């Protein structure tokens, strides 16, 4: 079911997970965000990249499919975005379009959010950064607590948790630390614009053609199936939500092809 329409005006944000040591200490996030997957993540390190046969790899990935930490982060941000639009529209069931994609970057663990609909505008989109940041943090923090049903926090895990809560407090005071930003561009004359003129084309051209990687300790050629490999792609994605529904790894390249050929060429 390829998306064919996107509510305007639309805006694009980048959320940075506010923990600098996240690559070095990623297993902490496995536990805080994706409790139940921590062993699967470890086993994944030992997997052979495609096109080598590796059945363990294939099952492991099937069992991880909507549950790995990047996927959870991505659902958290989506829920927060829903909550955001809910506030902007004073309506429990807001009319909006939302795409969210999490990415394990070279440096940052981030999510891109494209959101559009009534209640956002040029007038409020940039200024809503701190509020949006706080709502996102509230969801993450809540998810962290689910681990507590199984065991108390280990010390390093508790450090991250309090880092989040502090960030959340600062967000309520309008500080984001640069971890929540709106994407802006210039027209010819050099004026700034925060509105994403073409959300689908930005999705199709910048977010879609990436290979998957679900861990700093794994590789894209492990996490991406051969039919979905983008030969010139240098960056990766972890998980993608389109209006609440995941774009499954095995349909990504075809999904892109359909957008590029039938729906929105160029």
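Numbering follows the first chain given and starts at 1.
As stated in the PDB record, which stretch has the larger average Cα B-factor, 234-242 or 36-44?
Mean B over CA atoms: larger for 36-44.
Residue range whose averaged C-alpha B-factor is higher in the record, 116-124 or 188-196:
Per the PDB record, 188-196.
Between 131, 102, 181, 86, which one tops the list for C-alpha B-factor in the PDB entry?
Of the options given, 86 has the highest CA B-factor in the PDB entry.
With respect to the C-alpha temperature factors reported in the PDB entry, which of 220, 51, 209, 70 ranks highest?
Of 220, 51, 209, 70, 51 has the highest C-alpha B-factor.
If you rank the chain by CA B-factor, which third does residue 250 end up in: lowest, middle or highest?
According to the entry, residue 250 has a C-alpha B-factor in the chain's middle third.
Classify residue 176 as lowest, middle or highest third according to the C-alpha B-factor given in the PDB entry, relative to its own chain.
It belongs to the middle third of the chain when residues are ordered by C-alpha B-factor.
B-factor third for the C-alpha atom of residue 92 within its chain:
Within its chain, residue 92 is a highest-third residue by C-alpha B-factor, going by the deposited values.
Considering only modelled residues of the same chain, in which third does the CA B-factor of residue 149 rank: lowest, middle or highest?
Ranked within chain, residue 149 CA B lands in the highest tercile.
Considering every modelled residue of the chain and its Cα B-factor in the PDB entry, is residue 109 in the lowest, middle or highest third?
Its C-alpha B-factor belongs to the lowest third of this chain's values.
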